[PDB]
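A.B. asks: I am attaching a structure below and will ask some questions about it afterwards.
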Ligand SMILES: *[C@H](C)[C@H]1/C(=C/c2[nH]c(/C=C3N=C(/C=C4\NC(=O)C(CC)=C4C)C(C)=C\3CCC(=O)O)c(CCC(=O)O)c2C)NC(=O)[C@@H]1C
Ligand SMILES: *[C@H](C)[C@H]1/C(=C/c2[nH]c(/C=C3N=C(/C=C4\NC(=O)C(CC)=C4C)C(C)=C\3CCC(=O)O)c(CCC(=O)O)c2C)NC(=O)[C@@H]1C
Ligand SMILES: *[C@H](C)[C@H]1/C(=C/c2[nH]c(/C=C3N=C(/C=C4\NC(=O)C(CC)=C4C)C(C)=C\3CCC(=O)O)c(CCC(=O)O)c2C)NC(=O)[C@@H]1C
Ligand SMILES: *[C@H](C)[C@H]1/C(=C/c2[nH]c(/C=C3N=C(/C=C4\NC(=O)C(CC)=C4C)C(C)=C\3CCC(=O)O)c(CCC(=O)O)c2C)NC(=O)[C@@H]1C
Ligand SMILES: *[C@H](C)[C@H]1/C(=C/c2[nH]c(/C=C3N=C(/C=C4\NC(=O)C(CC)=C4C)C(C)=C\3CCC(=O)O)c(CCC(=O)O)c2C)NC(=O)[C@@H]1C
Ligand SMILES: CCC1=C(C)/C(=C/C2=NC(=C\c3[nH]c(/C=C4\NC(=O)[C@H](C)[C@H]4CC)c(C)c3CCC(=O)O)/C(CCC(=O)O)=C2C)NC1=O
Ligand SMILES: CCC1=C(C)/C(=C/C2=NC(=C\c3[nH]c(/C=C4\NC(=O)[C@H](C)[C@H]4CC)c(C)c3CCC(=O)O)/C(CCC(=O)O)=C2C)NC1=O
Ligand SMILES: CCC1=C(C)/C(=C/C2=NC(=C\c3[nH]c(/C=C4\NC(=O)[C@H](C)[C@H]4CC)c(C)c3CCC(=O)O)/C(CCC(=O)O)=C2C)NC1=O
Ligand SMILES: CCC1=C(C)/C(=C/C2=NC(=C\c3[nH]c(/C=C4\NC(=O)[C@H](C)[C@H]4CC)c(C)c3CCC(=O)O)/C(CCC(=O)O)=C2C)NC1=O
Ligand SMILES: CCC1=C(C)/C(=C/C2=NC(=C\c3[nH]c(/C=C4\NC(=O)[C@H](C)[C@H]4CC)c(C)c3CCC(=O)O)/C(CCC(=O)O)=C2C)NC1=O
């Protein structure tokens, strides 16, 4: 969360919480009611966004659908669609968390090793989540979509 | 098994193994080729056993179909056969071990509370394994129904 | 469910008014009816099984072809006789229900409302049920005004059949 | 009177529009139908009397009780046989009328619309007429597409009966 | 979507009955129509671009004022000609769609239903489209019964226009 | 829409058997006390306008916020609708104690009127208190003797107070 | 409410171009086999009352709880409504295989009747099994060539079983 | 369905007192400027067909995807329905600025048409931009002087732009 | 007694309130009118359509048939409107549809069947429910058949139908009212007590997390075969 980093960076110098750090915690909890209402609406529209963003990958990068590519056939593209269900579920974890360290524990911190080991193109994974933001911005009002859209764009440069 | 009941009865006197008792391990191994042929034949029609024997249970016990009893709809009767699939898994676990101690440590040792606290009576599950008993003899031969039927009535004795 | 108190409430509700002396006249009349009708329904409950078997035997007697020809609509096999005498007992139970309820409502809601299309789809002649109801109304063995209104309900079932 | 040209005019009238190519497609199809159907109706007109007697004899054969029991609904006496074979000829004449008209309209207006309540009031089993229509559709002796649509009309009468 | 099979299903559904021989007459007629109409639609697909340009040039020829006066409704500039020939190709594509569908349904749902208010709001004379459809029905170059029913669809569009 | 007799008939049909004897003795006692039940009903019915006027006045003496401007029953039209709602509730109570079953009272009022009073902004508390006061006055009007032969009025006080409490709780 | 031809027309209009040639060869083969589609449709239609009576006959032999008192199809009125529901489903199957598209079957039954059977308390499982048995009997009645020229009904057994499985799954 | 005067009357009745003096001076100034409100309303009304045609003219120049095949306003019938929807919105704007209250515009369009455009698949963004452009052109047509005595129309440009922005935001 | 006016309610956006610039097609409801002097068979189709509209298909039983109302209609003694009023006030309709519903749901059902449209909002159901309570179900049906909305759309001689169910560009319209509003809701279903979700269709532990349906996004697979040419040949590209 946001207090998870703010404890630890205040911990390792044996300091208490300095009031430059508390005011972003006090700003976080008044913004907590907004980010819950963000994090329902992505999960309320969860079924309609997983086949929409996956269809948006398949026109811009159809090479992975093609035989010889990794996501070939209906069965391998079925597990190359959940694979995307986690990365929507992880982003709506971090939206209600305030910070991005739930995604840094589950999503990214070994993903350059395993997608090298699985043979899937990691750049096309970031093309899907870049498509997944642009459909997720359509459902939400823009002043809340600017909040959630930074959590998407964290992950875009994280994969590539 | 015989062997893990052989050794745990030899630690209770802290001696070696009795040589007449070593023949019941040697009789356990040489009579093992026909025992695992029973177990795959129950496994090969485990849905054909269950979808038949479930139907003759409900004509015998109409309380669990007419509303007012314990398990109903699709939402609990599928869980009711989820119990009977576990017990059928225990018998084919018990046949390859030769004894009932895989059924003892897994599936009968706490049965008189986990249905007693869960609202359902005991004796209809004891009528369910009897429903499973009649269709287990009919798939097998004469002597194979005698050995495999010797594990079904152990389930009746611990429950009811 | 055409029972007298229910239809009195329906009249007073559709008129939009309170209850008047008319519904109380309906009520002392209904209690007068029920004061014998409940005991007559108990007596029919007592004689029910023998009446059902006698009606089934009279139906097999007047229509002997139904016992002979092969056909799932006919009671040649045993399951036809089980289902057959089951619907005999159905008719008798609806007669007792209308005797308790005080109106033709229960038979009208449980039997009459679809019986024509059922006998059309299933190749059941309604004359079989007419013969059975005639045997029941001959052999129920009641007496007096209870017997007359029991015969009224059975004749109503007959007229609804054919 | 559900005949194709009549219902095409009804469609164009209820829509409030002129005739389109749809009704002309209906028309070249209807003329294609009538080009064999009129000769098939003439052939049924030729074989009609023997078909009526054969259907009546098959009905007496499958249901022998109707010749035996006394009853004005049954054809035990001679007037029952006259009236009976009269309604056999009625059914066959309606089949020929629907063959000429090109639709199920004439049987739907002359036979079907009240047949259920008539058989209910008169204690006539419709299975007798089903047996007779089955004998007619077995023994009409036509061939080809005319035979298939003749069997279509007779099967329609059977499904309307039971 | 007034196509013959769709409207046959609508008739049988609104009547509440099964399909009869009437709809099968409609069907053998519809297949008779489509057996030439599909090839005629392919031939119109082949000649489509030259027909569109010829219709646009004939429309500019008969109404020369539209090329001259400044106005966004008139095709004086180039964007008027692009949009103009686009709706020429729209009309021709709807003609081919009705040739495939076998009824006036596609033009009735895609063109006709709002064309009057659109030409009212946009200051488009429908006589321009009448001239273009007349040039198309003169110059489509088909022959026989396919040509007659193609002219039928185009004349239907003309009568729907004015 | 059920009687007492149709209730026993539906229960006996759901059982699938004939009516048992003890239910028939219960229905015989019901047929003996059904007139009982309904003389009681008739003296309840004859004073209905006095009952609703005394209930409303007692209520509007008790909660003057409803009469106050901006109150829910303040406007003359709304106040007439208020008295109409109360009279309707009393009428369906009299119907339910006529037929001897609460299913008519349930069917005609209860399932919808709670949501109606929520959607209207009607306070359910005041009309609940008004139905309670109307029921108390109704039993008080029914129970007194004035030229009528002595009878076992009691239980039927039980049933009438049951119907009124069911109405007041379904209103909420 | 779509044909085969109107389906190709709507797809070609959404594409915005003319109809491609391979779709026209497909529609030519459809026009060649559309009568073939039809022969099964007419022999399916002529035996419809026998189909629904045999389907209910096997279903109520199979699940006697529906005939049992308290069952959903127990009452004579409800049993007639049951046969009416089945006959309606068979009729819309015949309509969909007439027009050659499942959109009529979707439009007329599917989207509402699942919620209808939930709200009514109708068990969707029994009517699903009944539609499955009715469809099995319908293909079994259609596939037998009695007094019919020798042809190929392969793909149309495919299509009819598709329509019946769509109906049975939309019922659930 | 409220006026300005009925709005003050409903507020004064919810207060429960008479109308205060400052509200009466405000309503006197409203009665002085109500003609001012509406001569412009008349110059807004007289050019309505030009307004909706120029609005659709700029909108379909701006978003050619709607005119493109497969677009929401592509079909001739749908395009006529599009112009009808726009003309309806302009008419209810003129009604609301006639009565001087936004409650008529709310009542007649707003609460349902957002859900209607969601259910239809209509893009709310394009019609929102079209109502915004139509409102900009409407104030631009209203504000110019061509033979009319000069006056300060500052609060009525304020009110008309308020009504148009309320319509565009309720559409979304 | 001063007549209490109908309670005011707000209108919603519906397809029936706008002008339809539509060409007649297969989705248009068949209009059954008595104005065209119907043949003896057309009278039976009109009567059948009126029963289907007011009762639903499942309630077209021989026992529910109003033979006296049908003979009055066929003789021209009553209008099609009066026939619809007679059906909606009939004993079988009140027993099956009025007694099994609340006044709110009965009002919604009558608006859908008689006016051929949906209810605008919950407040319209409340506004009609008080008419049912004050005048009974008969006086409510008469007030609905006397509405300007009924007269303007159907007159005296037309059988009511579901108005504008399908839009001309959509293969899927609104749900038919007979499927949307069945005879009774969940509330009366719970009062009747019993349904026996008799039989299963088992399977042994097999799901947890899979979105199987690729369905629509695929597929292209046009494919291509690629040739070979020299690397040295400036194909690679040299800026400057
Ligand atoms: C079915 C023949 C009988 C029956 C079954 C029933 N069970 C439940 C709930 C549970 N059943 C189990 C059963 C087992 N758990 C085990 O660990 C083992 C050994 C491996 C067995 C055999 C358990 C744990 C539960 C709790 C739920 C779960 O599995 O997660 C129900 C539902 C009860 C409810 O109220 O929901 C039913 C109906 N009951 C009967 O009536 C039949 C006699
Ligand atoms: C050249 C043929 C003549 C001409 C045409 C013209 N039309 C428009 C504008 C529109 N035309 C349509 C017509 C259709 N749209 C459809 O979807 C279909 C069926 C598939 C038809 C027939 C519509 C809806 C418009 C308005 C859309 C738009 O404005 O682009 C123009 C452009 C003029 C304009 O701004 O409105 C032109 C030039 N005009 C001529 O001068 C020729 C005689
Ligand atoms: C027998 C297969 C199963 C069954 C049937 C059943 N259905 C009903 C009641 C209704 N069924 C419908 C269904 C439709 N109406 C339509 O208009 C259409 C499409 C055109 C369909 C599919 C509706 C609306 C009702 C309620 C209104 C009515 O008259 O019929 C019942 C009766 C329920 C009742 O209480 O009357 C029955 C018995 N139910 C079963 O038990 C079988 C599983
Ligand atoms: C299908 C399960 C079986 C089958 C059918 C089959 N039919 C044909 C051809 C024709 N069938 C008809 C039938 C009719 N035409 C009509 O107008 C009517 C009245 C409504 C009927 C009943 C006709 C006329 C044809 C073609 C023309 C003709 O026969 O004169 C074929 C082959 C030809 C074709 O594809 O149409 C087949 C195969 N054959 C089987 O083996 C199946 C078991
Ligand atoms: C053009 C600005 C945008 C657009 C318009 C559009 N609307 C429709 C269809 C409907 N619009 C309504 C809206 C109303 N109906 C009302 O009664 C009122 C208030 C009094 C409003 C605001 C309704 C009910 C419909 C559907 C029924 C109908 O005939 O019109 C369409 C057509 C959709 C169709 O499939 O026919 C269009 C094109 N859509 C756009 O593309 C622009 C963004
Ligand atoms: C409670 C009111 C009620 C009635 C009346 C009722 C009748 C009824 N009788 C039926 C069948 C039957 N009805 C009969 C009856 C007879 N056939 C004969 O030959 C004899 C003359 C007569 C014996 C009385 C038989 C044998 C069947 C089974 C035939 C069948 O498959 O449909 C069926 C079809 C159900 C089934 O197939 O099992 C119904 C619904 N159901 C009801 O719920
Ligand atoms: C044009 C279409 C048409 C049909 C179908 C028709 C049938 C018809 N058959 C009738 C009687 C009859 N129907 C039958 C028929 C039979 N009974 C049997 O036993 C045989 C199995 C079968 C011989 C086919 C008989 C014998 C009567 C006279 C019985 C009677 O008094 O009602 C009656 C009553 C009239 C009367 O009593 O004379 C009608 C209306 N009428 C029509 O106008
Ligand atoms: C047959 C069963 C039935 C019931 C129960 C029913 C209630 C009902 N009460 C209503 C209004 C009302 N009901 C009340 C009653 C009250 N509000 C209060 O302040 C008090 C707490 C309470 C007096 C006891 C009032 C004041 C209104 C008027 C609301 C309004 O007109 O704005 C309305 C709105 C439409 C209208 O009256 O004219 C309905 C539908 N309608 C029915 O058809
Ligand atoms: C609709 C017109 C009408 C009325 C009004 C009516 C009333 C009525 N009440 C009766 C009895 C009675 N009514 C009561 C009522 C009561 N006794 C008490 O002490 C209680 C306080 C009170 C009930 C709250 C009693 C106790 C009887 C005794 C007889 C019986 O059980 O019916 C009887 C029996 C027959 C008779 O009295 O001649 C009649 C007539 N009958 C009618 O036809
Ligand atoms: C229903 C038929 C009808 C109309 C149309 C009408 C209009 C009208 N507008 C007037 C005034 C006026 N109208 C305006 C309007 C404006 N000035 C601006 O600069 C703004 C841009 C614009 C408002 C947006 C102004 C400023 C006046 C000055 C006089 C006054 O306050 O009424 C007057 C005063 C009397 C007169 O002019 O003879 C008339 C008659 N009177 C009628 O009986």
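Cβ atoms come from the backbone with ideal geometry, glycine included; neighbour counts cover every protein chain shown. Please treat every number below as a calculation from the coordinates, not as lab data.
A.B. asks: Working from the pairwise distances between different alpha carbons, so that the mean of 1/r is found and then inverted, what is the stretch I:131-214's Kirkwood radius in Å? Mind dumping the intermediate values first?
C.D. replies: Details: mean 1/r = 0.0529 Å⁻¹.
Its Kirkwood hydrodynamic radius stands at 18.9 Å.
A.B. asks: Also, I was wondering about something else. Angle, helix I:122-145 long axis vs. longest principal axis of chain I, Cα atoms, 0 to 90°, nearest 10?
C.D. replies: For I:122-145 against chain I, the angle is about 40 degrees.
A.B. asks: So what's the gap between the Cα centers of the stretch D:148-162 and the stretch D:31-76, to the nearest angstrom?
C.D. replies: Each part reduced to its Cα centre gives a spacing of 14 Å.
A.B. asks: Ratio to report: Rg/Rh of the stretch G:107-159, with Cα atoms as the point set and Rh obtained by the Kirkwood method; give two decimals.
C.D. replies: Ratio of gyration radius to Kirkwood radius for the stretch G:107-159: 1.17.
A.B. asks: Also: Helix H:76-99: angle to the longest alpha-carbon principal axis of chain H, degrees 0 to 90, nearest 10?
C.D. replies: Its long axis makes an angle of about 10 degrees.
A.B. asks: In which sequence would C:112, E:130 go, from the one with the fewest C-beta neighbours within 10 Å to the one with the most?
C.D. replies: So the ranking, lowest neighbour count to highest, is E:130, C:112.
A.B. asks: If we restrict to alpha carbons, what Rg and Dmax does the stretch A:26-148 come to, in Å?
C.D. replies: Rg, Dmax (Cα atoms, Å): 15.5, 53.
A.B. asks: With r defined as the distance between the Cβ atoms of residue I:37 and residue H:103 and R0 fixed at 41 Å, what FRET efficiency is calculated, to the nearest 0.05?
C.D. replies: It comes to 0.25.
A.B. asks: How much length is gained on full extension from residue F:140 to residue F:75, taking 0.36 nm per residue of separation minus their Cα-Cα distance?
C.D. replies: This chain segment gains 20.3 nm when fully extended.
A.B. asks: Using the Cα gyration tensor of the stretch C:3-114, with a ≥ b ≥ c the square roots of its eigenvalues, what is the shape: rounded (a/c below 1.5), prolate (a/b larger than b/c) or oblate (neither)?
C.D. replies: prolate
A.B. asks: Hey, another quick one. Mean shadow of chain H, computed from the convex hull of its alpha carbons, in nm²?
C.D. replies: 11.1 nm²
A.B. asks: Oh, and also: Expressed as a whole number of Å, what is the distance separating the alpha-carbon centroids of the stretch F:117-151 and the stretch I:60-124?
C.D. replies: If we compute the Cα centre of each part, the gap is 36 Å.
A.B. asks: Then there's this: Arranged from highest to lowest average of other beta-carbon atoms within 10 Å per residue, in what order do the peptides A:45-53, I:156-164, G:150-158 appear?
C.D. replies: Averaged packing, sorted descending, gives the order I:156-164, A:45-53, G:150-158.
A.B. asks: Could you tell me which of rounded, prolate or oblate describes the stretch G:84-136, using a ≥ b ≥ c as the square roots of the eigenvalues of the alpha-carbon gyration tensor, with rounded for a/c under 1.5 and, failing that, prolate when a/b is larger than b/c and oblate otherwise?
C.D. replies: Numbers: a/c = 2.46, a/b = 1.45, b/c = 1.70.
Verdict is oblate for the stretch G:84-136.
A.B. asks: Which whole-number percent gives the relative contact order of chain I, counting Cα pairs below 8 Å spaced six or more residues apart?
C.D. replies: Normalised by residue count, the contact order of chain I is 25 percent.
A.B. asks: Turning to a different aspect of this structure: What Kirkwood hydrodynamic radius, in Å, does the stretch I:1-153 give when the mean of 1/r is taken over all pairs of distinct Cα atoms and then inverted?
C.D. replies: 17.0 Å
A.B. asks: Do you know the relative contact order of the stretch E:25-162, to the nearest whole percent, from alpha carbon pairs under 8 angstrom that are 6+ apart?
C.D. replies: Computed over the stretch E:25-162, the figure is 31 percent.
A.B. asks: Can you pull the Kirkwood radius for the stretch E:108-162, inverse mean 1/r over Cα pairs, to one decimal in Å? Intermediate values should be presented prior to the final figure.
C.D. replies: On the way: mean 1/r = 0.0836 Å⁻¹.
Taking every pair of different Cα atoms in the stretch E:108-162, averaging 1/r and inverting gives 12.0 Å.
A.B. asks: Run the label-point distances for residue D:110 please: 7 Å along Cα to Cβ, every other copy, nanometres, shortest first.
C.D. replies: Result for residue D:110, in nm, nearest copy first: 4.6, 4.7.
A.B. asks: Evaluate the relative contact order of chain H (contact order divided by residue number), counting alpha-carbon pairs under 8 angstrom at least 6 apart; express in whole percent.
C.D. replies: Once divided by the residue count of chain H, the mean separation gives 28 percent.
A.B. asks: Once you sort the root eigenvalues of the Cα gyration tensor of the protein assembly as shown as a ≥ b ≥ c, which label holds: rounded (a/c under 1.5), prolate (a/b larger than b/c) or oblate (the other case)?
C.D. replies: Judged from the Cα gyration tensor, the protein assembly as shown comes out rounded (a/c under 1.5).
A.B. asks: I've got another one for you. Pick out which of I:147, I:41, I:202 has the largest mean-square fluctuation in a Gaussian network model of chain I, springs linking Cα atoms closer than 10 Å.
C.D. replies: Result for chain I, Cα springs under 10 Å: I:202 fluctuates most.
A.B. asks: Quantify how strongly other chains surround peptide C:27-37 by giving the mean number of their Cβ atoms within 10 Å of each of its Cβ atoms.
C.D. replies: The mean count of partner-chain Cβ atoms within 10 Å per residue comes to 3.
A.B. asks: For D:116-123, what's the mean count of beta carbons from other chains sitting within 10 Å of each residue's beta carbon?
C.D. replies: Mean partner-chain Cβ count within 10 Å for D:116-123: 3.
A.B. asks: Still on this structure: So what's the angle, to the nearest 10 degrees on a 0 to 90 scale, between helix D:4-15 and the longest Cα principal axis of chain D?
C.D. replies: Approximately 50 degrees, to the nearest ten.
A.B. asks: Another question about this same structure. Over what distance in Å are the Cα centres of the stretch B:99-160 and the stretch G:10-61 separated?
C.D. replies: First find each Cα centre; the distance between them is then 52 Å.
A.B. asks: Averaged across the residues of D:10-17, what count of C-beta atoms belonging to other chains lies within 10 Å of each residue's C-beta? Please list the in-between numbers first.
C.D. replies: Values: counts 6, 9, 2, 3, 9, 9, 3, 7.
The mean count of partner-chain Cβ atoms within 10 Å per residue comes to 6.
A.B. asks: Quick check on the exposure proxy: order I:145, E:92 from fewest to most C-beta atoms within 10 angstrom.
C.D. replies: Placing the least packed residue first, the sequence is I:145, E:92.
A.B. asks: Let me ask something else about it. Calculated FRET efficiency, residue G:148 and residue A:43, Cβ-Cβ r, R0 51 Å, to nearest 0.05?
C.D. replies: 0.35
A.B. asks: Calculate, for residue B:76 and residue I:71, the FRET efficiency according to 1/(1 + (r/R0)^6) with r their C-beta to C-beta distance and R0 56 Å; round to the nearest 0.05. Each step should come with its number before you reach the end.
C.D. replies: Working: r = 55 Å, r/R0 = 0.99.
The computed FRET efficiency comes out at 0.50.
A.B. asks: For chain G, set up a Gaussian network in which alpha carbons nearer than 10 Å are linked by springs, and say which option among G:30, G:18, G:134 fluctuates the most.
C.D. replies: Per the Cα network of chain G with a 10 Å cutoff, G:18 tops the list.
A.B. asks: OK, next. Quick one: order F:131, I:235 by neighbouring beta-carbon count within 10 Å, fewest to most.
C.D. replies: Least crowded to most crowded, the residues run I:235, F:131.
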